[PDB]
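Form deposited in one PDB entry, single chain, as structure tokens, below.
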């Protein structure tokens, strides 16, 4: 049921998504081990992901959450990187896309920092890097990320020193780095229907000059 619609680079929509990508790159405490060494991306393509069934699944859950949270969906646009990006855009998020060993519990994780999600494109810890070169810092191979609509509802705030159920009375967890003041938040949901993979971004990381 999914169709992908290319956005033109001359479109404000493309430009806004690229700006959110580029402006949320940060340095990581692993010195680039997982995601590579880079300060910016080369954006190759941005596609809108259209699936009526997955969209209706998402809005039905958003409505349930919104009503449970006194008419506040607390909806965000957040990044998600995963080796299962192809499966997600076709079948939606589900328990197979959860990070069982994540710090904030076994759920599906999303990032405000695009570079945080970039660390998971090739798997946990960057896996073995790109298929072709086995390089986690590969500047040649094409990567893909999702920029997703995520319903947080009542979110449990967990400060961090950097499929399960939600904390009782909560629909998500907000993981907020308390040591690195330039690190943005990470968010966890425990139901696949609380996210919709709205944009598919194809890119390369760029070698710093």
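Numbering follows the first chain given and starts at 1. The term rigid core refers to the most C-alpha atoms you can superpose between the two forms while keeping them within 1.5 Å. Residues that one form lacks are left out of the comparison.
- In at least a third of the other compared PDB entries of this protein that cover both flanking sides, residue 161 is left without coordinates.
- Where coordinates are absent for parts of the deposited sequence, a chain break appears; between neighbours residue 162 and residue 163 it spans 1 to 3 residues.
- Just going by the entry, 175-183 versus 139-147 on mean CA temperature factor gives the higher value to 175-183.
- The deposited model assigns a higher average Cα B-factor to 85-93 than to the other stretch when 117-125 and 85-93 are compared.
- Within the listed group 103, 111, 77, 108, the record reports its top CA B-factor for 103.
- When the CA B factors of the chain's modelled residues are split into thirds, the value for residue 155 lands in the middle one.
- Per-chain ranking of the deposited C-alpha B factor places residue 65 in the middle third.
- When all modelled residues of the chain are sorted by CA temperature factor, residue 31 is found within the middle third.
- Sort the modelled residues of the chain by CA B factor and residue 37 lands in the middle third.
The following text describes the form deposited in another entry, which does not appear among the structures shown.
- After superposition on the rigid core, the single residue among 144, 66, 180, 39 whose C-alpha moves by 2 Å or more between the shown form and the other one is 180.
- In that other deposited form, the separation between the C-alpha atoms of residue 184 and residue 13 grows by 3 Å or more relative to the displayed form.
- If you compare C-alpha positions, residue 183 and residue 47 are 3 angstroms or more farther apart in that other deposited form than in the form on display.
- After superposing on the rigid core, the stretches of 3 or more consecutive residues whose C-alphas move by 2 Å or more between the shown form and the other one are 96-100, 178-184.
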